[PDB]
Amino acid sequence: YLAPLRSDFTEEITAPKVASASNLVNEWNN
Amino acid sequence: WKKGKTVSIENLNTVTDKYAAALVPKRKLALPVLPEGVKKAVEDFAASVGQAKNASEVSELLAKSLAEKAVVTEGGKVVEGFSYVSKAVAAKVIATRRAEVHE
Amino acid sequence: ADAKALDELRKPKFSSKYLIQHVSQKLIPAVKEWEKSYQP
Amino acid sequence: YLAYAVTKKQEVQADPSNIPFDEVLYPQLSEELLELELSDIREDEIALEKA
Amino acid sequence: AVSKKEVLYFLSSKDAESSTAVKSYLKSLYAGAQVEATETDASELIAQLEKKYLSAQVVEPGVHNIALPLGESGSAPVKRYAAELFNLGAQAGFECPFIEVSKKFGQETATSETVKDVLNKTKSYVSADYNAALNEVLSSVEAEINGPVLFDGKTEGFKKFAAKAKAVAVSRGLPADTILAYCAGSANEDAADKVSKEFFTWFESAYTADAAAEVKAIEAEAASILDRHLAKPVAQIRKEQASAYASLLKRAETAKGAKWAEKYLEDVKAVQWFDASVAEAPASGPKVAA
Amino acid sequence: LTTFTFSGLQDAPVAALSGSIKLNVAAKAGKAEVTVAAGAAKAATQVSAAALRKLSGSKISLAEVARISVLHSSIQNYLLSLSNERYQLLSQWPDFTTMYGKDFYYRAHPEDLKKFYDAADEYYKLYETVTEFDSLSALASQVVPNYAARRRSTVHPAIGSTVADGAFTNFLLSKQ
Amino acid sequence: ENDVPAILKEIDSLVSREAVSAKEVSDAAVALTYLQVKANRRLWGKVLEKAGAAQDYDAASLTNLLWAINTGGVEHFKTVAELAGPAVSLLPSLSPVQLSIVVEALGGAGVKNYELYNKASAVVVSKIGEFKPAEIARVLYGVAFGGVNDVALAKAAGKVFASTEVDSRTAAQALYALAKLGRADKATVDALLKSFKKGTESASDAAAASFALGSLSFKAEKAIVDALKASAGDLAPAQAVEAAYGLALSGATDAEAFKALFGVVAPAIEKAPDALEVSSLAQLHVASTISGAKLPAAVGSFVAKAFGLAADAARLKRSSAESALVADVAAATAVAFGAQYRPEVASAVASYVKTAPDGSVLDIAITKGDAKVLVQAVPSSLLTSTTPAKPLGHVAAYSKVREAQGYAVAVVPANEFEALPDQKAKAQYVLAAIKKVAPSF
């Protein structure tokens, strides 16, 4: 349940990179 | 299971009954088990007439006579004229046919 | 043991905050002495 | 849940009317499983009736 | 314990493990202890670097106490989430986000004399399809000047750029004339509030749409992480998540005596308390002393 | 809440809108005769005008007791509400065990029975991995550290592109 | 027949079921403030848990819920700020009585929703005769504490408070809203100060006008301090500090009131020194030094140490226009004392940053023998938001504490200082400011 601790900063101001929709909702419908 | 809610054991158990309702065969032999309501009525009645040492052998044959001509019930309904050949009856036919060809 | 507190239980657990603190305790004294000893 | 699961499953497993008999379930199959082996004895008997 | 520059950052802060560091310090000053002299030293570079590493000890537990509004309908859970990050940055010593990134532009480009240099030293902080959309406008205006545009304002060539740089900003969707008339002020406060109430409907539509774009990325990351995980067998998942829990306990158990690792294992033992307390009375939850 | 509030038995609710709580107050000019009833219990006390004003003197300050954090629970609640949407389309799967009989076995092409007995073994793969709800806590920890490092910005935690664009036109279109 | 801990278990079972509606979560919250259930925190949590999960909301159950959260003193920001969704969608559906309860409860919690406060204040300035003067001071209290500097509502409320006689309770709410806005229009403040002719029914509105008068620096009205010497048992210790501080900022000399107000605070600090926030301990050291009423011996030195903290934490988290003004005033006070060249000022402004006797840091501290002057710069954040733009009462708070440590505070307001065209004129502003305070320099 536990995550790696990071101590780093974000220098840029960017768009948060929306990931692509997986195919699982229709392949389980296939 | 709804999106935010929890499942209840009144519905988890209703689902489990649907699983075990598929474990009953679709057509079954009503092989009758003798309850103690009728098998202890015949044991003391055998002790009424002094044969209580052979009271168990009466109760064993009491179950068996209902058991050899046990009837086939499909959905609780008795299907009359349902003839079935046993796995032990059919293995008697094979051992007869094997031993008369070997001779 | 059991039945801890409220203000002990309100802290978010696996946040960093002590890597940031451990870096800040090893970056700041090691860069305070860099600025007082610096010639190009 | 697992306490009702081992009780309802044994409720249908203690019942001897729930013993599945392939002879009762599939009569035309359990008689053809017989004549698979009765044809193999019949084929061994034709070779004896030819000799 | 604290070094007094931590405890000054934790005064107006509101989270738990800092306010029990303040309440333990405020009880010590009450019991006849003298307060340390605040050092007026560590000139501008070390002073602005300690602010970087002390505000990140206020932001980092504060970000973890802000529930994301994932899978929510409406604009009020995003206006809750963004306002919790506004009030978190204020507790960490940040100013308004408009005031703080405009300070970042003038800090990067105090010595940018050309408009092509201010478009390439503030490149990390501007949206890249807006920074590129100001390069077709800079290259179009460069045709009628045929000389580099300077960052002057009194130069006529800068007004030829700002005639068409403003033309993009309205086409991007942002009212640049209500932004510029807000930060210029006005004469009367009655018509200064007609521009204040039109800046703050842009700004509330500005800070929501990138708090929502930060949520919709977490919704799409969690849906691609889950759909990568639902394709596995359950035995693979149980041993993949048992190695990651083992290798990350091991990383915190090798480091002994470090402050972060001994606080890490106090969190593992407090997670296990939460599971053990729920296991004793699960219709009520964890036991709080109250 | 602020230090001073200005509410209590002035434009107050005098009647409840539910049936599980039946509340009626009697607004005296000084005090209020309250009577609330909830099922079998009845409570009828009297509050003063200055007794509702001292209520907001000390603040309750409700705070969430979360297992790991409030951030982590909001990702795990989303993964649980996503893992419910995939469970709902495993609920609409046709019952393959109604075709496990030997009168479906021996009628069928033997390769279309391997496919059917593997399509039933795939449902138990999909169904046992979507009901692995103990796996969702360690999945939400793969979303937290990339998110929290974006909020650990040098500009602001709440900064994004749309604010930084509109603060670029304030920066650019003013005279340097 | 009459049981509260048996009706709490009936409410606790009401809000623990899975289908708690909006009407049932409102009425469970209303029944918990009328029963005064501050001691049971989890029962207030279960109602606040179900208040966010409820999806229907009509105009009456939202208003009864927000009334109960505000009156009960219950703060949870995540739940209350998400009740702005049911508030902004039902905003034409709201009564003017109910809209004042919605905006006051969302405003007092600190909800940053400009679409609510623009649309609620545009309703009030359009339909103002429908709004009773108690329903216009709550909406002014909402938009003031929601971070909006809406003066078009504060001007339109100014026409009502000078015409209609308003109650003592709704005057203090209007004054507290003005002190957060920082306006101090004396035609409207004293029009709200003529509402203390009936007395105060509570001390929380005698203290809220006490705090709001010293924050704008008018004076005590002495009907307000008459209520505070009598009703100072009706106040929490955090409310009595803000009561005493706003008196001392306004120049209140009645030390029997300050004996009453410190008799609430100082018993609370000894049993719990950490219960009050450090910004309120610094407000107590202002109140005990300006009025001069002494504190207990362990408290009055501890509250003196806590003024060094809250002035240092307001120095670390400096606004960077207060950083750019201090370094502009320290430049203009270096050339005033004689520094003709750039390398002469930069070694002088580093010498002005002597530390205070309480451990704090003073940016511009000059010493000539035994005489000390301090220069204070006050940017806009400590100035009144109206046209004469005089500084707020909180800077005379800081000056009169620094004067009692051995300094002479010359305030340099940035609406006047940055009005000057040149640096030497800015030196003619600072040197004129020091000699009118301490003429030995």
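Chains A, B, C, D, E, F and G are the protein sequences, given in the same order. So in the entry's author numbering, spot 19 of the first sequence is number 41, and the numbers just go up one at a time. So in the entry's author numbering, spot 87 of the second sequence is number 242, and the numbers just go up one at a time. So in the entry's author numbering, spot 14 of the third sequence is number 53, and the numbers just go up one at a time. So in the entry's author numbering, spot 29 of the fourth sequence is number 493, and the numbers just go up one at a time. So in the entry's author numbering, spot 207 of the fifth sequence is number 211, and the numbers just go up one at a time. So in the entry's author numbering, spot 11 of the sixth sequence is number 25, and the numbers just go up one at a time. So in the entry's author numbering, spot 332 of the seventh sequence is number 336, and the numbers just go up one at a time. Note that the Cβ used here is the ideal one computed from N, Cα and C, for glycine as well.
Annotation for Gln60 (chain F): the continuous beta strand (DSSP E) segment containing it runs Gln60 to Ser62. In the three-state scheme derived from DSSP, where H, G and I count as helix and E and B as strand, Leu27 (chain A) is classed as coil. Counting C-beta pairs with one atom in each stretch, the segment 250 to 268 of chain E and the segment 117 to 125 of chain F have fewer than three that are closer than 8 Å, which means they do not touch.
With fewer than 16 other CB atoms across the displayed protein chains lying within 10 angstroms of its CB, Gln240 (chain E) is exposed. Under a criterion of Cβ atoms nearer than 9 Å, the residues of chain C adjacent to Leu24 (chain A) are, in order, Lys52 and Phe53. Annotated as proximal: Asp278 (chain G) and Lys27 (chain E), with beta-carbon spacing under 8 Å. In the DSSP assignment, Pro180 (chain B) falls outside any alpha helix (DSSP H), carrying neither H nor E.
Close to chain F, meaning a Cβ-Cβ distance shorter than 7 Å, are the following residues of the segment 174 to 186 of chain B: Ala177. Taking C-alpha positions only, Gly157 (chain E) is separated from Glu146 (chain E) by approximately 16 Å.
For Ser494 (chain D), a Cβ of chain B is located within less than 8 Å of the residue's own Cβ.
Taking the beta carbon of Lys158 (chain B) as reference, the chain F residues within 7 Å of it are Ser95 and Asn98, listed in sequence order.
The shortest CA-to-CA distance from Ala154 (chain F) to any of E:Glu104, E:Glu10 and E:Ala227 is the one to E:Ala227.
According to the DSSP assignment, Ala57 (chain F) belongs to no alpha helix (DSSP H) but to the beta strand (DSSP E) extending over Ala55 to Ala57. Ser199 (chain G) is positioned such that its CB atom lies no closer than 8 Å to that of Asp238 (chain G). Nearest to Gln190 (chain F) by C-alpha distance, out of E:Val130, E:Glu112 and E:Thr205, is E:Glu112.
Beta-bridge pairing by DSSP links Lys45 (chain F) to F:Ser62. Residue burial is scored here from C-beta neighbours: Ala133 (chain F) has fewer than 16 other C-beta atoms within 10 angstroms and is therefore classed as exposed.
The criterion of a C-beta distance shorter than 8 Å is not satisfied by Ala172 (chain F) and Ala213 (chain E). Secondary structure of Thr359 (chain G) (DSSP, three-state): strand.
Considering only G:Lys233, G:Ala126 and G:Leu66, the residue with the shortest C-alpha distance to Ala158 (chain G) is G:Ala126. In this chain, the alpha helix (DSSP H) harbouring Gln287 (chain G) covers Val282 to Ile294.
When the beta-carbon positions are compared, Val333 (chain G) and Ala381 (chain G) come within less than 8 Å of each other. The three-state secondary structure of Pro417 (chain G), taken from DSSP, is strand. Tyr145 (chain G) sits away from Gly186 (chain G), with the two beta carbons spaced by 8 Å or more.
Around the C-beta of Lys173 (chain B), fewer than 16 other C-beta atoms lie within 10 Å, and the residue is accordingly described as exposed. Nearest to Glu139 (chain G) by C-alpha distance, out of F:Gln24, F:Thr17, F:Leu15 and F:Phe18, is F:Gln24.
No Cβ of chain G is located within less than 8 Å of the beta carbon of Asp19 (chain E).
DSSP, read as helix, strand or coil, puts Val226 (chain B) in coil. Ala86, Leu89, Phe90, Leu92, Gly93, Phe98, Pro101 and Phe102: these are the residues of the segment 77 to 102 of chain E whose beta carbon lies less than 7 Å from some beta carbon of chain F, given in chain order. At a cut-off of 8 Å between beta carbons, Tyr468 (chain D) makes no contact with chain F. According to the DSSP secondary-structure assignment, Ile370 (chain G) is paired through a beta bridge with G:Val377. Among the CB atoms of chain B, one or more fall inside 8 Å of the CB of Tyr101 (chain F). The continuous alpha helix (DSSP H) containing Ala437 (chain G) extends over residues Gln427 to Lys439. In the structure shown, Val170 (chain G) adopts coil according to DSSP, grouped into three states. In the three-state reduction of the DSSP assignment, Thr471 (chain D) falls in the helix class.
The CB of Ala69 (chain C) never comes closer than 8 Å to any CB in chain E; the least such distance is about 11 Å.
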